[PDB]
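Atom set for the values below is all heavy atoms of this structure, side chains included, hydrogens, waters and symmetry mates excluded. To find a chain, count down the sequence lines: A is the first, B the second, and so on, and within it residues start at 1.
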Amino acid sequence: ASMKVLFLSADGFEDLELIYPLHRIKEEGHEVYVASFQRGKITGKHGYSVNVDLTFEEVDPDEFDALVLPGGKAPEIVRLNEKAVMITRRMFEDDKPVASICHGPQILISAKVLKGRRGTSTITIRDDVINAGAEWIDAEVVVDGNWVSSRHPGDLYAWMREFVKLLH
Amino acid sequence: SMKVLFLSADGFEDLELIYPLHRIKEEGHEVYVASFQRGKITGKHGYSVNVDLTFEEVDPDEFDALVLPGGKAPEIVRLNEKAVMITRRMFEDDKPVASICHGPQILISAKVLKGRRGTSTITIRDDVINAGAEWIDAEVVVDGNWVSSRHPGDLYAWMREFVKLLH
């Protein structure tokens, strides 16, 4: 079956980490939506632009089948938005497929869903993932039930290779 | 499992090189970045990729498919006789060749486009037409072995069709 996949991001996203899964997932015939603080566009660390489909306030988590959490600087401000964190917690706790890369897990940390879980992130926040109760693993991709996690843009091939398997 | 060669240089459009590298590797194919020299090459937006081999080191007979990303790189790549030879040989041998944006400037220089059909960035439409091809404004065009797209907005469709050609 086809899915509606939600992406949470903001200005300062790591360009490849948002744009790669958008296209890769759309290739499969899934529908992709980007939520952020405001309608309009968001701009990456490296200058690429992405259109925003809806705001965090507008999101009904029950309307979406899967969640993607790219990295960059964006997770540090996205994790301060209580709605974005509530969306994340709801979707993750409902056991919907959730994909994260790089700093994306800072949103998962804030969502208080990582205790007893296993995955990865940029190693620069390894200690924070551990402090959130998860086992941190240094690997290109980790699959922990619904949670598919990778570290950085070198891992993109493996990240979506594993994530697309959950999107049916 | 095929060996897929990418021709690029400094000034490449970052997504147009990096998206297909990962997308194709996902499939279990082996990917190779060739440029003027060993070391690294850096995109328009500052992403870096390692160079696996030089143009002069490439035997086109050892590669199964070819990818030609865009940006500023094609305009200097098309000046390299060997890079142009690699592309002419692989294309005439009917191996899968994917191009996007300015990548077809290399195909123009390889003199392989007469009576062919495809796309590119619209800013070089007239040059593709002058090379003997029919130019189509579409997110992806498939003309036998030649899969062509225009710009980063077309990436999903571009590799969707190209991966099919690879299997």
Side-chain angles (χ1 to χ4, degrees), chain A residues 2-3 5 7 11-34 41-51 53 68 70-73 99 101-102 140-141 143 148 150-167, chain B residues 1-2 4 6 10-33 40-50 52 67 69-72 98 100-101 139-140 142 147 149-166:
Chain A
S2 201
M3 278 189 164
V5 181
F7 293 68
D11 282 337
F13 64 87
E14 181 68 56
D15 307 54
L16 288 169
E17 296 169 9
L18 176 56
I19 297 168
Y20 186 89
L22 280 167
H23 279 91
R24 180 62 188 91
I25 291 174
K26 199 181 180 181
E27 169 186 347
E28 301 282 299
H30 300 123
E31 298 174 295
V32 295
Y33 303 81
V34 175
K41 57 168 161 62
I42 53 169
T43 304
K45 280 165 73 188
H46 297 255
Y48 284 110
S49 276
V50 174
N51 235 73
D53 299 293
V68 180
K73 307 202 343 97
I101 187 165
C102 203
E140 65 184 352
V141 66
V143 176
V148 183
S150 290
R151 309 163 295 186
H152 60 249
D155 300 334
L156 292 165
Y157 76 104
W159 188 42
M160 286 299 109
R161 187 194 64 220
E162 298 305 328
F163 193 58
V164 305
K165 301 176 185 177
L166 302 188
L167 304 184
Chain B
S1 178
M2 286 164 73
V4 185
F6 293 66
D10 286 338
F12 65 92
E13 181 58 53
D14 308 51
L15 297 168
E16 301 178 356
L17 174 55
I18 297 169
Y19 184 87
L21 280 167
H22 280 96
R23 176 70 185 86
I24 290 164
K25 196 173 180 163
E26 162 179 351
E27 296 292 299
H29 296 124
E30 286 179 304
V31 298
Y32 297 81
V33 171
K40 289 174 165 52
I41 51 171
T42 306
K44 292 179 57 196
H45 299 252
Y47 286 111
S48 278
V49 320
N50 297 328
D52 297 299
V67 181
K72 304 177 56 70
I100 190 159
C101 179
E139 59 175 10
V140 68
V142 183
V147 180
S149 294
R150 308 163 299 188
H151 61 248
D154 304 333
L155 293 168
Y156 77 103
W158 186 41
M159 286 297 112
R160 180 233 294 141
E161 297 303 327
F162 198 57
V163 169
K164 287 189 199 154
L165 248 195
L166 304 177

Is there a donor-acceptor pair closer than 3.5 Å between any side-chain N or O of B:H22 and the backbone N or O of A:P153? yes
Of the backbone (N, CA, C, O) and the side chain (C-beta and beyond), which part of B:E13 lies under 4.5 Å from a heavy atom of chain A, both, or neither? both
Taking A:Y20 for its side chain and B:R23 for its backbone only, find out whether a donor-acceptor pair lies under 3.5 Å. yes
Surrounding NZ of A:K41 (heavy atoms of other residues, nucleotides or ligands, distance under 6.0 Å), is the total greater than 12? no
Determine whether a donor-acceptor pair (N or O, by modelled atom type, separation under 3.5 Å) exists between the side chain of B:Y47 and the backbone of A:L16. yes
Would you mind telling me which of B:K25, B:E27, B:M159, B:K44 has the largest number of heavy-atom pairs within less than 4.5 Å of chain A? B:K25
